[PDB]
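Structure, as structure tokens:
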Amino acid sequence: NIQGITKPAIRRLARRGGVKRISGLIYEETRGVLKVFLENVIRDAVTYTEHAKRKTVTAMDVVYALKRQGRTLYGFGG
Amino acid sequence: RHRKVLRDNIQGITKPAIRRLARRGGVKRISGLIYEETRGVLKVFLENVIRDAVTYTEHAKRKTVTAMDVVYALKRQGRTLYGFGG
Amino acid sequence: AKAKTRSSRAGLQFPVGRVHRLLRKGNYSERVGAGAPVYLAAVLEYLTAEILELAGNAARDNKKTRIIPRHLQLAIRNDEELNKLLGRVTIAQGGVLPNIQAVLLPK
Amino acid sequence: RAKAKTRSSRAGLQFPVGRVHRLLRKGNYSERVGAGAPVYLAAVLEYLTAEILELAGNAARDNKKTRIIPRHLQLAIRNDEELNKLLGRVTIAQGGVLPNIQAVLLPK
Amino acid sequence: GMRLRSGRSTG
Amino acid sequence: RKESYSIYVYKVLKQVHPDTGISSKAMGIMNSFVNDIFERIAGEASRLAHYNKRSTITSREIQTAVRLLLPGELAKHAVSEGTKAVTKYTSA
Amino acid sequence: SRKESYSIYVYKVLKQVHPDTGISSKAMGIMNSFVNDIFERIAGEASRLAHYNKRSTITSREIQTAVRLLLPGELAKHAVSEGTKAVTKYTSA
Amino acid sequence: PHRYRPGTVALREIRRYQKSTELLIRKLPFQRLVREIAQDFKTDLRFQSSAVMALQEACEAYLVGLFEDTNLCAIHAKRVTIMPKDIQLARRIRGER
Amino acid sequence: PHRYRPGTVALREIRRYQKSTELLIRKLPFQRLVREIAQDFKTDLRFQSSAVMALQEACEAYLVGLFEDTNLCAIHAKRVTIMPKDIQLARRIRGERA
DNA sequence: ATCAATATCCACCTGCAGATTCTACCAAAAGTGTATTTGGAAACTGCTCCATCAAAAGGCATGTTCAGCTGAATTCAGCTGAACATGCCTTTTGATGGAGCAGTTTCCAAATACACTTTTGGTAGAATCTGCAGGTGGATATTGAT
DNA sequence: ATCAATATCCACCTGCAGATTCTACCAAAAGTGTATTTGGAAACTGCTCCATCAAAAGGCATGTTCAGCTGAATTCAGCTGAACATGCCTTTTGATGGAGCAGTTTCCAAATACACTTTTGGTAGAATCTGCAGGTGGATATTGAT
Ligand SMILES: [Cl-]
Ligand SMILES: [Cl-]
Ligand SMILES: [Cl-]
Ligand SMILES: [Cl-]
Ligand SMILES: [Mn+2]
Ligand SMILES: [Mn+2]
Ligand SMILES: [Mn+2]
Ligand SMILES: [Mn+2]
Ligand SMILES: [Mn+2]
């Protein structure tokens, strides 16, 4: 499902990042990095979900996960 | 009695010392502008670590900066140091 | 005798009692001093005030009367000290500060 | 009365279970502490100590040495992917660095 | 009330 | 049943900008903010108490924490509003 | 006065894994820092888990989840083994 | 038939997306990816909609910061085009590698 | 009169200082520096010798990691010489600076 | 720099649905009044650890010279990646239903917190061993000149 | 393709600073006997989550053309490396005085622990507004051609 993160999508993200010109090899690289990011955050999230003996991943699980990874997110619980 | 006034001691961090640090860091060739850069960066680093350390010293109502004070400072700044207690 | 909320006697908007509770409940120390939740509520109110002020300003500049996350992002990142305090935080729906590297520009 | 057998002995650990239990209470991590938590945790600290010490002893052996100095702990940590991640933001005093020279710097 | 860096004061 | 800081954030918003309002997402941001800073101050103070083998977190700890956690002017005004809140409270 | 440390225990483990090898006071200092740093990480993380789930008590289950979050990969697997085997061995007196 | 010179629209886009805050990845694809990933960790999970949005905000914000750094690494090398090389150097300086 | 080509001794040194662990800044100068800074924060402080040595280990380890990153930035720019430009890019990406 | 001629934006105006703001009430916190512990501050003072200082010496820092070769500037072409027009489909979205669950209560056995009361294991020095750091010297490789 | 001039490597040696071993008090486990919670183990809600269903719209994938940029190749000035002479100051090793920790006591002012008594803060309906989302039309920018 990773190829779902399309080339125009990635190009928009780079645009927000102030980027003018983009090598064609960038897109697989980015999908790679994104995939690793998601793996680490979601793995921690699910660990929170399982420890709680729950079957539903909550916003709070995600938020703790992010905080752990030093990616503190505001806006989805404290 | 009291001691000779301390001044301009950042210049104590000489050019050869900075070059050794770079060699350990794997650097082969060094721009001549590097030495002042490094002294700048070194100075900010020490100021921040020491500011915190001294803050712990003061909070403990003490007149001596301890290794633990330093180590706590390092930890705060996310530069955790092993080997001096803690 | 009558009730006077500790916040009121401390001349604050932020809830002192609650902050004291969170201090006990949070297992930060065996005991909690009488002034510590006062001091802490004060600081929390202050920081809140500063952020709301600057974000409000940003709301006015983008001619809106309601502060949305974007105005908070503009307020945080355009202020050096708030930006350092919140250097590793993501404000949902914040966007980014507009910035184009000079070298990328035409001509 | 019965004779005393240290909790460390009953879990068959070297690390001081009583001591880890005390440090758990004293640090206010929680209102109460289950009986198995200091046992599990000590088990973990002992395991990890064991791993660092295996690799570091190796490095002492490789460098002709029979006594581990901080350098050997450093070589041991920085040459193992997982220890290096676990201690990615830690400084080992007197550690030195891994000898590593970028290729491009080498003569051509 | 409270004094902000900008000079403004709270209620 | 689920408590928050929306009430107080909103009051302060009115002190500072009576003519300004705030969206729900944004209120969420502000609420996150208050818990993030609460936890930092509180934790640092906790470490301070333990390093000095003290069993109690007093306003002195909060203050030292603040001096460590907040930068520059934010620190100065924080400590100001802090001590003056404790003083005013101390009186009546 | 008395300074507690883990030297006794590190040294025991050093003798199990490397009987012919000794360790310097500097190195022991490094190790003792190590045990204390990891102790605090595990314990802290665990403390957060107890609080997240409104529980007032840290059990070996919290230490374990804590380990899974803090330690990487193989180190986690082996850690959880040593742990579980200590709790089971301990429980049966 | 009129035609902008290469780079003009790129810049115009930069000024555009830096000015907004909406998420830039199509939702369903991302949601699908997230569920895929989660399945490797534990089976038959359910996700709060909020949780997925949390993951998306987090993730886009991350990648955008990463591109800012990547872009600086392109500029450093007297280039204007970002290449895997620049992402790799960025991530190694950050300590992500 | 024998003479190593420029760069050869540099490499000799990298191997040398990479194989050891002794501190590379002189102790006394450094101590003097730490007292200066500290004194500007608070007067009439005293320092455990341990504290000072901690500071030096911390500091030297930091600068060395920073030169490693700096070096990668020089390499990245198809150079072999590190310049302020590079330290700046290292410190900016690491997040040490705006 | 102008002159046109595409396209891009930007303001001014306007109506309105989805949120925001505001009301109307109740449990759960927060505040009181009393009764207990309790910490950590005050007051000595025992004593390591720190600040200074002295002196001798050689390890190292400075400054200078000189030339190798690295950085930067120029040139230039092959080809990668941007802009654009087209056309197909995957995403959006908008309910609708239903049921899998997270969230609540209400008991209980199990598990933990206490309060004392002996029993060791750990720590702090002295009493002993012993790696190994520096110091040589011979053999080997490396490096740079002819 | 070789030869001096160095640096590196490596085994042995030796005295010693820094481990290791050995003992004796004592704080901290450990063992027992009551006093409390704690958090499931079952028994049930309301509710968000998943699963279809089913159109339309932009959003994405393709393919074409070429602008301009990235990479390579060359040149040269001038910077930074290597090596040397000079001589300064850091390093070492010991001594002393004393400041300020840190260890022990002694004791109020401060905080905890109940048990009531009040007030607020949160929820869910009731009563409003701010942008958004569109619509021209007015300047703005971009690009190609004289
Ligand atoms: Cl207090
Ligand atoms: Cl347990
Ligand atoms: Cl690349
Ligand atoms: Cl530069
Ligand atoms: Mn000064
Ligand atoms: Mn007491
Ligand atoms: Mn040797
Ligand atoms: Mn009310
Ligand atoms: Mn609009």
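Within each chain, counting starts at residue 1; across the structure tokens, chains are named A, B, ... in the order shown, with ligands numbered 1 upward in that order.
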
Check every residue of chain G for an atom within 10 Å of chain A, counting only C-alpha atoms, and provide those that qualify as a PyMOL selection string. chain G and resi 45+48-50+52-53+61-62+64-66+68-70

Using only C-alpha atoms, find the residues of chain B whose closest atom to chain I is at most 8 Å away, then write them as a ChimeraX atom specification. /B:6-7,9-10,12-13,17-18,20-34,37,42,45-47,50-51,54,63-71,74,79,81,84

Hey, what's within 12 Å of residue 117 (chain K) if we count only C-alpha atoms (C1' of nucleotides) and toss same-chain stuff fewer than 3 positions away? As a PDB file with C-alpha atoms (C1' of nucleotides), in the first residue's frame, please?
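Final output, selection07.pdb:
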ATOM      1  CA  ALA C   1     -16.658  30.285  57.475  1.00  0.00           C
ATOM      2  CA  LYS C   2     -17.053  30.890  53.726  1.00  0.00           C
ATOM      3  CA  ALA C   3     -15.109  29.353  50.789  1.00  0.00           C
TER       4      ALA C   3
ATOM      5  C1'  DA J  30     -12.202  21.604  46.544  1.00  0.00           C
ATOM      6  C1'  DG J  31     -12.401  24.149  50.775  1.00  0.00           C
ATOM      7  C1'  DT J  32     -12.922  23.959  56.283  1.00  0.00           C
ATOM      8  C1'  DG J  33     -12.152  22.631  60.922  1.00  0.00           C
TER       9       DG J  33
END

What parts of chain D does DSSP call alpha helix (DSSP H)? I'd like the answer as a PyMOL selection string. chain D and resi 7-11+17-26+37-62+70-78+81-86

Leaving out residue 6 (chain E) and any residue of its chain fewer than 3 positions from it, which residues lie within 9 Å of it when counting only C-alpha atoms (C1' of nucleotides), given as a VMD selection string? (chain C and resid 50) or (chain E and resid 3 9)

Using only C-alpha atoms (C1' of nucleotides) and all ligand atoms, find each protein or nucleic acid residue lying at most 8 Å from ligand 2; present the set as number ranges by chain. D: 33-38; G: 58-61

Restricted to N, CA and C atoms, what would the selected residues look like written as a PDB file, in the first residue's frame?
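Listing of out-v9.pdb after writing:
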ATOM      1  N   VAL D  33       4.129  -1.253  44.664  1.00  0.00           N
ATOM      2  CA  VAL D  33       5.044  -2.027  43.836  1.00  0.00           C
ATOM      3  C   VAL D  33       4.843  -3.535  43.931  1.00  0.00           C
ATOM      4  N   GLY D  34       4.473  -4.169  42.821  1.00  0.00           N
ATOM      5  CA  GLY D  34       4.222  -5.601  42.824  1.00  0.00           C
ATOM      6  C   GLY D  34       5.461  -6.398  43.199  1.00  0.00           C
ATOM      7  N   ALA D  35       5.288  -7.624  43.670  1.00  0.00           N
ATOM      8  CA  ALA D  35       6.398  -8.382  44.249  1.00  0.00           C
ATOM      9  C   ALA D  35       7.362  -8.883  43.183  1.00  0.00           C
ATOM     10  N   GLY D  36       6.870  -8.933  41.942  1.00  0.00           N
ATOM     11  CA  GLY D  36       7.609  -9.486  40.816  1.00  0.00           C
ATOM     12  C   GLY D  36       8.394  -8.464  39.998  1.00  0.00           C
ATOM     13  N   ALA D  37       8.008  -7.203  40.136  1.00  0.00           N
ATOM     14  CA  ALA D  37       8.631  -6.104  39.419  1.00  0.00           C
ATOM     15  C   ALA D  37      10.115  -5.948  39.753  1.00  0.00           C
ATOM     16  N   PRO D  38      10.491  -5.932  41.045  1.00  0.00           N
ATOM     17  CA  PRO D  38      11.940  -5.833  41.253  1.00  0.00           C
ATOM     18  C   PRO D  38      12.701  -7.055  40.772  1.00  0.00           C
TER      19      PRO D  38
ATOM     20  N   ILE G  58       2.896  -0.741  40.024  1.00  0.00           N
ATOM     21  CA  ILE G  58       3.779  -1.217  38.982  1.00  0.00           C
ATOM     22  C   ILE G  58       4.059  -2.675  39.223  1.00  0.00           C
ATOM     23  N   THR G  59       3.560  -3.521  38.334  1.00  0.00           N
ATOM     24  CA  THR G  59       3.854  -4.933  38.430  1.00  0.00           C
ATOM     25  C   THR G  59       4.822  -5.304  37.333  1.00  0.00           C
ATOM     26  N   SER G  60       5.343  -6.530  37.416  1.00  0.00           N
ATOM     27  CA  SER G  60       6.315  -7.062  36.450  1.00  0.00           C
ATOM     28  C   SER G  60       5.792  -6.997  35.018  1.00  0.00           C
ATOM     29  N   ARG G  61       4.488  -6.854  34.865  1.00  0.00           N
ATOM     30  CA  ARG G  61       3.936  -6.656  33.541  1.00  0.00           C
ATOM     31  C   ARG G  61       4.344  -5.276  33.004  1.00  0.00           C
TER      32      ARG G  61
END

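Each of J:24, J:11, J:19, J:123 was compared to ligand 8 using only C-alpha atoms (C1' of nucleotides) and all ligand atoms, and J:24 turns out to be the nearest.
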
Counting only C-alpha atoms (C1' of nucleotides) and all ligand atoms, which protein, DNA or RNA residues come within 9 Å of ligand 3, given as a VMD selection string? (chain A and resid 23 25 to 26) or (chain H and resid 82 to 88)

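CA of residue 36 (chain F) sits 24.8 Å away from CA of residue 52 (chain F).
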
If you measure from CA of residue 66 (chain F) to CA of residue 79 (chain F), what distance in Å do you get, rounded to one decimal? 7.2 Å

I'd like the neighbourhood of residue 78 (chain D) as a ChimeraX atom specification, where a residue qualifies if any of its atoms comes within 10 Å (using only C-alpha atoms (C1' of nucleotides)), though same-chain residues fewer than 4 positions away should be ignored. /D:72-74,82-85,87-88,95,97-98

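When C1' of residue 139 (chain K) is paired with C1' of residue 10 (chain J), their separation reads 8.2 Å.
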
Given a cut-off of 12 Å, which residues of chain F touch chain D, counting only C-alpha atoms, written out as a PyMOL selection string? chain F and resi 43+46-51+53-56

Between F:32, F:90, F:59, F:80, single out the one closest to ligand 1, counting only C-alpha atoms and all ligand atoms. F:59

Identify all chain K residues at most 9 Å from chain G by counting only C-alpha atoms (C1' of nucleotides); ligands do not count. Present them as a ChimeraX atom specification. /K:18-19,38-39,103

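Every residue of chain F that lies within 8 Å of chain A is listed here, counting only C-alpha atoms: residues 25, 26, 28, 29, 30, 31, 32, 33, 35 and 36 of chain F.
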
For ligand 7, which residue among J:136, J:34, J:64, J:92 is the nearest when counting only C-alpha atoms (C1' of nucleotides) and all ligand atoms? J:136

Show me which residues line ligand 7, defined as having an atom within 8 Å of a ligand atom where only C-alpha atoms (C1' of nucleotides) and all ligand atoms count, and present them as an mmCIF file with N, CA, C and O atoms (P, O5', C5', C4', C3', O3' and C1' of nucleotides), in the first residue's frame.
data_model
loop_
_atom_site.group_PDB
_atom_site.id
_atom_site.type_symbol
_atom_site.label_atom_id
_atom_site.label_comp_id
_atom_site.auth_asym_id
_atom_site.auth_seq_id
_atom_site.Cartn_x
_atom_site.Cartn_y
_atom_site.Cartn_z
ATOM 1 P P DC J 132 46.355 -5.667 31.688
ATOM 2 O "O5'" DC J 132 47.280 -4.379 31.583
ATOM 3 C "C5'" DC J 132 47.324 -3.439 32.649
ATOM 4 C "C4'" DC J 132 48.478 -2.489 32.455
ATOM 5 C "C3'" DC J 132 48.994 -2.395 31.021
ATOM 6 O "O3'" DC J 132 49.409 -1.086 30.789
ATOM 7 C "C1'" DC J 132 50.748 -3.017 32.433
ATOM 8 P P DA J 133 48.541 -0.107 29.863
ATOM 9 O "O5'" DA J 133 49.040 1.328 30.345
ATOM 10 C "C5'" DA J 133 49.334 1.564 31.714
ATOM 11 C "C4'" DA J 133 50.567 2.449 31.828
ATOM 12 C "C3'" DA J 133 50.903 3.284 30.598
ATOM 13 O "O3'" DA J 133 51.566 4.509 31.006
ATOM 14 C "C1'" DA J 133 52.616 1.698 30.967
ATOM 15 P P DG J 134 51.769 5.755 29.994
ATOM 16 O "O5'" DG J 134 53.345 5.949 29.981
ATOM 17 C "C5'" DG J 134 54.123 4.811 30.101
ATOM 18 C "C4'" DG J 134 55.531 5.100 30.521
ATOM 19 C "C3'" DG J 134 56.362 5.803 29.476
ATOM 20 O "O3'" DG J 134 57.577 6.259 30.082
ATOM 21 C "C1'" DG J 134 56.827 3.498 29.461
#

List every residue of chain A that DSSP, applied to the backbone of this structure, assigns to strand (DSSP E or B), and report them as a VMD selection string. chain A and resid 21 to 22 56 to 57 72 to 74

I'd like a table as a Markdown table: residues in chain K with an atom no more than 8 Å from ligand 8, each row giving the shortest atom pair and its distance in Å to one decimal, only C-alpha atoms (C1' of nucleotides) and all ligand atoms counted, sorted by chain and rising residue number.
| residue | atom | partner | partner_atom_place_in_ligand_line | distance |
| --- | --- | --- | --- | --- |
| K:119 | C1' | ligand 8 | 1 (Mn) | 8.0 |
| K:120 | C1' | ligand 8 | 1 (Mn) | 5.1 |
| K:121 | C1' | ligand 8 | 1 (Mn) | 5.7 |
